[PDB]
$ cat run-v4.txt   # compact mmCIF, C-alpha atoms
# COMPACT_ATOMS: atom_id res chain seq x y z
CA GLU A 18 30.76 62.42 10.19
CA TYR A 19 29.91 66.12 10.24
CA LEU A 20 33.01 67.99 11.51
CA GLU A 21 32.08 69.79 14.75
CA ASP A 22 32.17 73.55 14.13
CA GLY A 23 35.28 75.17 15.57
CA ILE A 24 38.99 75.76 14.95
CA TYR A 25 41.05 72.72 13.94
CA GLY A 26 44.80 72.21 13.69
CA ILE A 27 46.45 70.64 10.67
CA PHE A 28 49.08 68.08 11.69
CA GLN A 29 51.60 66.37 9.41
CA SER A 30 53.30 63.13 10.42
CA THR A 31 56.96 62.61 9.53
CA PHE A 32 59.66 60.22 10.65
CA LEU A 33 60.61 63.01 13.11
CA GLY A 34 57.12 63.28 14.59
CA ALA A 35 53.93 65.30 14.38
CA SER A 36 53.98 69.03 13.65
CA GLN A 37 51.15 71.55 13.37
CA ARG A 38 51.45 72.75 9.78
CA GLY A 39 48.42 75.02 9.97
CA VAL A 40 44.90 75.58 11.22
CA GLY A 41 41.45 75.75 9.69
CA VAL A 42 37.87 76.53 10.69
CA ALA A 43 34.89 74.18 10.50
CA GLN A 44 31.49 75.71 9.86
CA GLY A 45 28.31 74.30 8.30
CA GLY A 46 29.91 70.90 7.38
CA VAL A 47 32.89 72.23 5.43
CA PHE A 48 36.50 72.77 6.43
CA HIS A 49 38.12 76.04 5.36
CA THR A 50 41.84 76.78 5.36
CA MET A 51 44.51 78.60 3.39
CA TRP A 52 45.56 76.94 0.14
CA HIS A 53 49.27 77.25 0.95
CA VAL A 54 48.78 75.22 4.15
CA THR A 55 47.52 72.07 2.39
CA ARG A 56 47.91 72.69 -1.37
CA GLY A 57 44.98 70.30 -1.81
CA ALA A 58 46.27 67.41 0.33
CA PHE A 59 43.57 65.29 1.95
CA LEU A 60 42.65 65.35 5.65
CA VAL A 61 41.58 62.61 8.04
CA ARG A 62 39.04 62.83 10.86
CA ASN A 63 38.73 59.72 13.07
CA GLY A 64 39.39 57.64 9.97
CA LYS A 65 37.19 59.84 7.74
CA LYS A 66 39.13 61.13 4.72
CA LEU A 67 38.34 64.64 3.44
CA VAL A 68 39.24 65.75 -0.09
CA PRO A 69 39.29 69.36 -1.37
CA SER A 70 35.97 70.42 -2.85
CA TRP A 71 36.93 73.94 -3.98
CA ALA A 72 40.17 75.90 -4.19
CA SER A 73 41.39 79.27 -5.49
CA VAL A 74 45.14 79.78 -5.71
CA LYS A 75 44.94 83.57 -6.08
CA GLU A 76 42.71 83.91 -3.02
CA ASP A 77 44.87 81.24 -1.32
CA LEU A 78 41.77 79.49 0.05
CA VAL A 79 40.63 75.86 -0.11
CA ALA A 80 37.50 74.14 1.23
CA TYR A 81 36.88 70.48 2.02
CA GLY A 82 33.56 68.64 1.95
CA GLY A 83 31.34 71.34 0.47
CA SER A 84 31.14 74.91 -0.75
CA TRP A 85 32.68 77.94 0.95
CA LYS A 86 30.39 78.65 3.91
CA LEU A 87 32.16 81.56 5.64
CA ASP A 88 30.08 84.64 4.88
CA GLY A 89 31.61 87.32 7.10
CA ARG A 90 33.04 90.34 5.30
CA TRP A 91 34.95 93.27 6.72
CA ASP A 92 32.96 96.48 6.99
CA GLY A 93 36.03 98.72 6.70
CA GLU A 94 36.01 100.31 10.15
CA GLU A 95 35.30 97.61 12.76
CA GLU A 96 38.02 96.56 15.15
CA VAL A 97 38.86 92.95 14.34
CA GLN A 98 40.07 89.99 16.36
CA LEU A 99 42.54 87.25 15.48
CA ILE A 100 42.16 83.88 17.19
CA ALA A 101 45.75 82.68 16.91
CA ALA A 102 46.28 78.91 17.09
CA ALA A 103 50.05 79.04 17.21
CA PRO A 104 51.76 75.62 17.20
CA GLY A 105 52.27 74.34 20.73
CA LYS A 106 50.64 77.38 22.34
CA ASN A 107 47.24 77.99 23.91
CA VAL A 108 44.64 79.57 21.65
CA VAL A 109 44.69 83.33 22.26
CA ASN A 110 42.46 86.07 20.87
CA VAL A 111 44.13 89.32 19.81
CA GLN A 112 42.22 92.42 18.74
CA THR A 113 43.62 95.05 16.40
CA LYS A 114 42.73 98.12 14.42
CA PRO A 115 43.09 96.70 10.90
CA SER A 116 45.59 97.79 8.30
CA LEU A 117 44.89 98.06 4.58
CA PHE A 118 46.40 96.68 1.37
CA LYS A 119 45.83 98.85 -1.70
CA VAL A 120 46.38 96.55 -4.70
CA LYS A 121 47.55 98.17 -7.94
CA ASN A 122 44.82 98.06 -10.61
CA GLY A 123 42.27 96.73 -8.11
CA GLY A 124 40.52 97.42 -4.80
CA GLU A 125 41.08 97.67 -1.07
CA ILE A 126 41.32 94.72 1.35
CA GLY A 127 41.99 94.82 5.08
CA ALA A 128 45.14 93.56 6.77
CA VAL A 129 46.39 92.74 10.29
CA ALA A 130 49.89 93.55 11.56
CA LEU A 131 50.48 90.61 13.90
CA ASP A 132 53.51 88.34 13.48
CA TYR A 133 52.77 84.66 14.11
CA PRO A 134 54.68 81.48 13.17
CA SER A 135 54.04 79.18 10.27
CA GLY A 136 51.34 76.76 11.32
CA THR A 137 49.18 79.62 12.53
CA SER A 138 48.27 80.07 8.89
CA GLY A 139 44.53 79.69 8.40
CA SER A 140 43.56 81.18 11.75
CA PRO A 141 40.20 82.96 11.80
CA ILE A 142 39.71 86.72 11.89
CA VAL A 143 36.33 87.69 13.29
CA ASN A 144 34.21 90.79 13.88
CA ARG A 145 32.46 92.00 17.04
CA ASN A 146 29.51 89.67 16.35
CA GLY A 147 31.72 86.55 16.16
CA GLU A 148 31.26 85.84 12.44
CA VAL A 149 34.41 85.00 10.46
CA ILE A 150 35.69 87.88 8.35
CA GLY A 151 38.70 86.13 6.83
CA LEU A 152 41.63 83.84 7.44
CA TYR A 153 45.19 84.69 8.46
CA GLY A 154 48.44 83.69 6.79
CA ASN A 155 48.84 85.44 3.41
CA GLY A 156 50.73 88.72 3.43
CA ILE A 157 53.96 90.69 3.11
CA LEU A 158 57.13 91.42 5.03
CA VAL A 159 57.59 95.15 5.61
CA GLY A 160 60.72 97.22 6.25
CA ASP A 161 61.31 96.10 9.83
CA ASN A 162 60.88 92.48 8.55
CA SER A 163 57.78 91.85 10.65
CA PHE A 164 54.98 89.97 8.95
CA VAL A 165 51.67 91.61 8.03
CA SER A 166 48.84 89.36 6.89
CA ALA A 167 45.75 90.06 4.83
CA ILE A 168 42.24 89.24 6.04
CA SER A 169 41.80 86.62 3.32
CA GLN A 170 38.15 86.18 2.30
CA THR A 171 36.14 85.21 -0.79
CA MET B 48 51.65 59.23 7.12
CA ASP B 49 49.92 59.84 3.77
CA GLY B 50 47.70 62.75 4.80
CA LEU B 51 47.21 65.33 7.52
CA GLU B 52 45.11 64.82 10.64
CA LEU B 53 42.79 67.35 12.25
CA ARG B 54 42.68 68.19 15.94
CA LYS B 55 40.25 70.57 17.59
CA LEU B 56 41.94 73.29 19.64
CA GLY B 57 39.13 75.76 20.31
CA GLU B 58 36.03 77.42 18.95
CA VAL B 59 35.60 80.68 17.04
CA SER B 60 34.30 83.50 19.23
CA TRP B 61 34.94 87.12 20.10
CA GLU B 62 36.53 87.45 23.53
CA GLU B 63 35.59 90.79 25.06
CA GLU B 64 38.71 91.07 27.26
CA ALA B 65 41.11 90.04 24.46
CA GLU B 66 44.50 91.73 24.39
CA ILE B 67 45.00 94.53 21.86
CA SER B 68 48.21 94.72 19.81
CA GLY B 69 49.38 95.50 16.29
CA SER B 70 49.69 98.74 14.36
CA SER B 71 47.37 100.27 11.76
CA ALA B 72 48.96 101.44 8.50
CA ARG B 73 48.20 101.56 4.78
CA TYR B 74 50.38 99.72 2.25
CA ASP B 75 49.92 99.57 -1.52
CA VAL B 76 50.99 96.17 -2.85
CA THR B 77 50.86 94.11 -6.02
CA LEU B 78 49.09 90.75 -6.16
CA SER B 79 50.13 88.03 -8.60
CA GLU B 80 47.79 85.44 -10.06
CA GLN B 81 49.45 82.92 -7.71
CA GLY B 82 48.18 84.76 -4.63
CA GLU B 83 51.56 86.33 -3.85
CA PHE B 84 51.73 89.75 -2.19
CA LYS B 85 54.61 92.18 -2.69
CA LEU B 86 55.23 95.87 -2.04

$ encode --input "run-v4.txt" --output "structure tokens"
Amino acid sequence: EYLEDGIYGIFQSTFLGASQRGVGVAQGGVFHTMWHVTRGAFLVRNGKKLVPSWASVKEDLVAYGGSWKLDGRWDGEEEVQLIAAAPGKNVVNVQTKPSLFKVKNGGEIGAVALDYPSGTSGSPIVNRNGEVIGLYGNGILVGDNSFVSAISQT
Amino acid sequence: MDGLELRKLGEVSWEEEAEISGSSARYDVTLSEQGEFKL
């Protein structure tokens, strides 16, 4: 009834089967994932139905079953780690020196240059202490067409 | 087939031996109100 803390995969069921559409993180009784992964669709856990409790389209984040409980924030110089729950692949941790997105008429936010499939969207990015700094899956394509994601946090 | 189902695949942690990859660079981008990022 309380979702065990950890990384969960989002699975959608079609007439062609089950596919991992994305991932989220459970912490403190609430499920956190990227808004574009679910767009507010409800989840099910062992017959327990979860509905979105908060969402922000511009941050591309949505939470289920309570308020946003991920408190980690990037310091600006720590090496970061991406736990990548790619569809059909074993969970792997990848560490990187972060990139940066300078938004016009705004502020700085960190970014990670690691290219992972759709369905890895919502994977956690964490600092050396193991607290969650942001989620993965919202970013840009650069000149070589690789994907670069932002460390999406509230 | 009306909603999405959750499956646990692992737990959030920092692995000390984790493989390092990626490249560090600075990009200035625009952000729309719909959460879209563009260069």

$ atom_distance --input "run-v4.txt" --atom1 "CA of residue 136 (chain A)" --atom2 "CA of residue 30 (chain A)"
13.8 Å

$ interface_residues --input "run-v4.txt" --of "chain A" --to "chain B" --cutoff "6 Å" --atoms "only C-alpha atoms" --output "PyMOL selection string"
chain A and resi 23-30+59-61+74-77+110-121+130-131+147+156-157

$ closest_residue --input "run-v4.txt" --among "A:41, A:134, A:123, A:34" --to "residue 78 (chain A)" --atoms "only C-alpha atoms"
A:41

$ atom_distance --input "run-v4.txt" --atom1 "CA of residue 154 (chain A)" --atom2 "CA of residue 133 (chain A)"
8.6 Å

$ atom_distance --input "run-v4.txt" --atom1 "CA of residue 91 (chain A)" --atom2 "CA of residue 70 (chain A)"
24.8 Å

$ build_atoms --input "run-v4.txt" --residues "region 65-81 of chain B" --atoms "N, CA and C atoms" --output "JSON list (two decimals), keeping the file's coordinate frame"
[["chain", "number", "residue", "atom", "x", "y", "z"],
["B", 65, "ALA", "N", 39.92, 90.44, 25.22],
["B", 65, "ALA", "CA", 41.11, 90.04, 24.46],
["B", 65, "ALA", "C", 42.13, 91.16, 24.37],
["B", 66, "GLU", "N", 43.41, 90.77, 24.38],
["B", 66, "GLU", "CA", 44.50, 91.73, 24.39],
["B", 66, "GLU", "C", 44.65, 92.41, 23.04],
["B", 67, "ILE", "N", 44.84, 93.73, 23.07],
["B", 67, "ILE", "CA", 45.00, 94.53, 21.86],
["B", 67, "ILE", "C", 46.48, 94.73, 21.55],
["B", 68, "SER", "N", 46.84, 94.55, 20.28],
["B", 68, "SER", "CA", 48.21, 94.72, 19.81],
["B", 68, "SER", "C", 48.16, 95.12, 18.34],
["B", 69, "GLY", "N", 49.32, 95.11, 17.68],
["B", 69, "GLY", "CA", 49.38, 95.50, 16.29],
["B", 69, "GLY", "C", 49.48, 96.99, 16.08],
["B", 70, "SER", "N", 49.59, 97.36, 14.80],
["B", 70, "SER", "CA", 49.69, 98.74, 14.36],
["B", 70, "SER", "C", 48.89, 98.88, 13.07],
["B", 71, "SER", "N", 48.18, 100.00, 12.94],
["B", 71, "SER", "CA", 47.37, 100.27, 11.76],
["B", 71, "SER", "C", 48.15, 101.16, 10.79],
["B", 72, "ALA", "N", 48.26, 100.71, 9.55],
["B", 72, "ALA", "CA", 48.96, 101.44, 8.50],
["B", 72, "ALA", "C", 48.39, 101.03, 7.15],
["B", 73, "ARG", "N", 48.65, 101.84, 6.13],
["B", 73, "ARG", "CA", 48.20, 101.56, 4.78],
["B", 73, "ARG", "C", 49.39, 101.27, 3.88],
["B", 74, "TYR", "N", 49.33, 100.15, 3.16],
["B", 74, "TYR", "CA", 50.38, 99.72, 2.25],
["B", 74, "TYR", "C", 49.75, 99.45, 0.90],
["B", 75, "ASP", "N", 50.38, 99.92, -0.18],
["B", 75, "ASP", "CA", 49.92, 99.57, -1.52],
["B", 75, "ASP", "C", 50.85, 98.51, -2.10],
["B", 76, "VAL", "N", 50.26, 97.38, -2.51],
["B", 76, "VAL", "CA", 50.99, 96.17, -2.85],
["B", 76, "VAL", "C", 50.49, 95.67, -4.20],
["B", 77, "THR", "N", 51.29, 94.80, -4.82],
["B", 77, "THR", "CA", 50.86, 94.11, -6.02],
["B", 77, "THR", "C", 50.52, 92.67, -5.66],
["B", 78, "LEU", "N", 49.53, 92.12, -6.36],
["B", 78, "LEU", "CA", 49.09, 90.75, -6.16],
["B", 78, "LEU", "C", 49.21, 89.98, -7.46],
["B", 79, "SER", "N", 49.98, 88.90, -7.44],
["B", 79, "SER", "CA", 50.13, 88.03, -8.60],
["B", 79, "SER", "C", 48.93, 87.09, -8.71],
["B", 80, "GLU", "N", 48.83, 86.43, -9.86],
["B", 80, "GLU", "CA", 47.79, 85.44, -10.06],
["B", 80, "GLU", "C", 47.99, 84.21, -9.18],
["B", 81, "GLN", "N", 49.18, 84.02, -8.62],
["B", 81, "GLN", "CA", 49.45, 82.92, -7.71],
["B", 81, "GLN", "C", 49.23, 83.30, -6.25]]
